[PDB]
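What follows is calculated from the coordinates using simple rules that are stated; it is not laboratory data. Every residue, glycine as well, gets a Cβ built from its backbone with ideal geometry; the counts of neighbours run over all protein chains shown.
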């Protein structure tokens, strides 16, 4: 049973750290996507004058 | 259920990006239309002298 | 009594998840409605010049 | 997607139905346990009487 | 540009297609997991039954439970269908279009998993020689199919990532 | 794709046949100055000299 | 590793062979503008002058 | 200045899609408590 | 990013439902004091 635990069970500390890092990455990517979609707005300024 | 989600549901990132691009295209087209309608004014200058 | 509970009582995990999802959908719909009402403004620019 | 939704609803309803069968089996098992206790006491009484 | 647009549309459609194969493999793997649990319980039952302490009625009850779980295995095999395809009812294969041109398929394999194709046809513990060996053989034979399904899932995921990158570049 | 059932293939073929019929329609119908340009192999000669 | 049995080695080899086939497929099918770049040693000449 | 293609947005979406898998796997492992939840994970450890 | 389906939540609910049975059985065995509280447990041990 202890061997099966050493094979299949997960370490909660590592999983928590990875999940927190993934959440931070997701929010950062969302913000960067917002900035990227905001970038092309200067063409409207070009056409307007 | 997750298969049905992978089939019918939409990814909001792509939809938001396409919506922003479409809005920019619409505004640019409106500006170019205004310029195109302003083009024919030179005939009035020709007739004026 | 257990048989009645298996029929008439609710499962709180599912209800909470559905509540959260419904609230997210409602706020998303409100934002999309605001943008949809914002869309027709381009005709004002068309008329202005 | 229409077929998938049909399958999802059918499976949910099927699980709901199976819960009823589990309940029926539980009730019958309880009744049988009481009958077993009565039969055991009857056997003890017969042992005393013979 | 015309050829580029054709390639973009084809590759996007191919990624969408690969998602379907991923879903098929996931569903089949879930069904296999349930079958594995039933087989494990049956093995425990046989271990309990092959003892001299048990009387004939006890063996009859154990056989009743074992037969019920075997019928459950057979039912889960037969009834489980995905998109009107009984995956665990006949040896076959699927060809997942993961490319823009023709003959761009990743082959998924499906094995008929049931009592007949596992050696557990007529498995009884009352009035079968070497029951535990046959049960272990069936467990390993479903584990092999599960491993193949997992490998196919990994291949499909890698394909989806590559198609996404290629579509972006083109 | 192998996941598609027969009805799905039927729907896809229906739509494809509709678009092919549309292509044939647009080919046959387009007419410039009483000339069906995309209906017959031919040639036009434009006088660009005196 | 010595702890792995023959069935475990078979499963690992199955996954390895699948990934090698995926590598070969990605190599063969990667085509740009009707050119299979990762399928044959060659060279392209880009005109960067007048 | 192209407004018919937003390549940067495509790159960002690709990175987000790449990230999604790690988050999904981490949450699944935390919920189940088992590192091996499917044959895609190891399946040799799963057979053992 | 899908907000119409919450697959991860479904997995978590499935795991919780799986766990419920062990807790229920353990509490029943602790309260009653007998390992075989019903026929679904063993029923061979129960007949004996």
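Averaging the Cα positions of each part gives two centres, and for chain D and chain B these lie 66 Å apart.
Is the shape of chain D best called rounded, prolate or oblate, per the rule: a/c under 1.5 gives rounded, else a/b larger than b/c gives prolate, else oblate, with a ≥ b ≥ c the square roots of the Cα gyration tensor eigenvalues?
Working: a/c = 13.11, a/b = 9.00, b/c = 1.46.
It comes out prolate by the Cα gyration axes.
Considering only Cα atoms, the convex hull volume of chain E works out to 97 Å³ per residue.
Could you give the semi-axes, largest first, of the ellipsoid that matches chain B, computed as the square roots of 5 times the alpha carbon gyration tensor eigenvalues and rounded to whole Å?
Numbers: eigenvalues 479, 12, 3 Å².
Values for chain B, descending: 49, 8, 4 Å.
Residue by residue through G:6-17, how many Cβ atoms from other chains fall within 10 Å of the Cβ on average?
5
The residue H:30 and residue E:3 beta-carbon pair, evaluated with R₀ = 60 Å, returns a calculated FRET efficiency of approximately 0.80. Given R₀ = 30 Å, what would the calculated FRET efficiency be for residue C:34 paired with residue A:34, taking r from the Cβ atoms and rounding to 0.05? Working from the Cβ atoms, E equals 0.95. In chain G, helices alone account for a calculated mean residue ellipticity at 222 nm of -17000 deg cm²/dmol, with every DSSP H run of four or more residues adding -39,500 (n - 2.57). Compared with the dominant Cα axis of chain F, that is its longest principal axis, helix F:6-29 is turned about 10°. A simple spin-label model places the labels of residue F:15 and residue G:33 3.2 nm from each other, with each point 7 Å out along Cα-to-Cβ. Taking square-rooted eigenvalues a ≥ b ≥ c of the alpha carbon gyration tensor, is chain I rounded, prolate or oblate, where a/c under 1.5 means rounded and, failing that, a/b exceeding b/c means prolate? Prolate, since a/c reaches 1.5 and a/b exceeds b/c. The calculated 222 nm mean residue ellipticity attributable to helices in chain C amounts to -27000 deg cm²/dmol, summing -39500 (n - 2.57) over DSSP H runs of n ≥ 4 and dividing by all residues. The distance from the alpha carbon centre of segment E:94-170 to that of segment F:1-32 is 36 Å, rounded to a whole number.
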